[PDB]
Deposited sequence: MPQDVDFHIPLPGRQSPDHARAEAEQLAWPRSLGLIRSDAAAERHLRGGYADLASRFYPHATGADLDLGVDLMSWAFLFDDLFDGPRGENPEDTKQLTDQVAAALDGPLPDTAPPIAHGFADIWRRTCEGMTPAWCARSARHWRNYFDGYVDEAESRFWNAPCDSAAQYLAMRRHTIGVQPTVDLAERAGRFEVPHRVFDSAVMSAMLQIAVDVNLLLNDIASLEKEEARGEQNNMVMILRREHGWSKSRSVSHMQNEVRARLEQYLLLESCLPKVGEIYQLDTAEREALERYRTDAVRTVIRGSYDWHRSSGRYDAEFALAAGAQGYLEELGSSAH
């Protein structure tokens, strides 16, 4: 267990989103066999999206489901030898990241057309500055896959954190909470040191909690890997507790941060929505999902 003093939330429309989660990836050629469909349903991806985005229903939640569906289907393409060679990794990531620059050629792989369909829907209704910033977050995500594929090639602690803080994919998840909620945090508050520290805690806690739930599967094939075990789990368990206590400290600074950046009434409300529906949800959502 871990100390996560945030309320658990789930979209009330989760049942419909979970029942219809297969229609989109099968229409994009991402899932082509009935066994692949059942393997997809066993992931609980729509359930995870409904916890990341409890404030979304209908098509807004469907976009959240598709992002989780695509993110896990995309990550599977690197479990084999491709994830060992940084050249073969970058060859695939470049074809997907090209969707951020414009239309894709029809010869693009199906996983690339699926991302393009998600990015198209993500940008609708958002400011140009929001789309540009979110496009930069996707490139850091794709660049992280190439960086980790290089680390696996050489067969080779803050060294582990600096690499996982991009491949975990937390920031593109948080970005969609804005699109799913049809709001935008003030851009100057997003870049603030306080919000930057809050977002880093969300990434650190996510990769720590993910290594705990992935210790057994990786042991057959991680931050826990130095002296002894269990105590190492207890050390990481205290690290998420210290970071969560620091996160609460940073949350209390937001009222004064809003005055420093002279937010108006609408901007203060958007910052509050970003705190509860985007940052808190990405922290608590993955914890409640690992305990389904």
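### Message
Relative to the deposited sequence, which regions have no modelled C-alpha positions in the structure?
### Response
According to the record, the gaps fall at 1 to 5, 162 to 165, 231 to 234, 239 to 244, 312 to 337.
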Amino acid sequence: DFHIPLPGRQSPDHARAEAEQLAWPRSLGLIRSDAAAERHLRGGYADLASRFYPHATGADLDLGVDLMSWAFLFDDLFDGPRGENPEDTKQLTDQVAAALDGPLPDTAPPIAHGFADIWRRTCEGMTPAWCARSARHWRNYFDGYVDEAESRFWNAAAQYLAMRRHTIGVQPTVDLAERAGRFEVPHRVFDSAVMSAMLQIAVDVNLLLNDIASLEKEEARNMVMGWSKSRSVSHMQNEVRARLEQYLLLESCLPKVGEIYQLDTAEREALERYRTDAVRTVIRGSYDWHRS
From here on, numbers count along this sequence of modelled residues.
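### Task
Could you check which stretch, 235 to 243 or 34 to 42, carries the larger mean CA temperature factor in the entry?
Result of the comparison: 235 to 243.
### Task
Compare the mean C-alpha B-factor of 99 to 107 with that of 67 to 75 as given in the PDB entry, and name the stretch with the higher value.
The stretch with the larger mean CA B-factor is 99 to 107.
### Task
Just grab whichever of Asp175, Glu184, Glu84, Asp191 has the top CA B-factor as deposited.
If I rank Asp175, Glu184, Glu84, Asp191 by C-alpha B-factor, first place goes to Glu84.
### Task
Identify, among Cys123, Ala135, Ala112, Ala149, the residue whose C-alpha carries the highest B-factor in the deposited PDB entry.
Among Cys123, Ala135, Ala112, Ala149, the highest C-alpha B-factor in the entry belongs to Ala149.
### Query
What third of the chain, by the recorded C-alpha B-factor, contains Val257?
CA B-factor rank for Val257: lowest third.
#### Entry: Ranked C-alpha temperature factor of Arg164 among modelled chain residues, by third
As the PDB entry reports it, the C-alpha B-factor of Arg164 lands in the highest third of its chain.
### Query
Where does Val203 sit by CA temperature factor within its chain: lowest, middle or highest third?
According to the entry, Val203 has a C-alpha B-factor in the chain's middle third.
### Message
Could you place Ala197 in the lowest, middle or highest third of its chain by Cα temperature factor, using the values in the record?
### Response
Answer is lowest: the recorded C-alpha B-factor places it there.
### Message
Looking at the temperature factor on the CA atom of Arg51, which third of the chain's modelled residues does it land in?
### Response
Lowest third.
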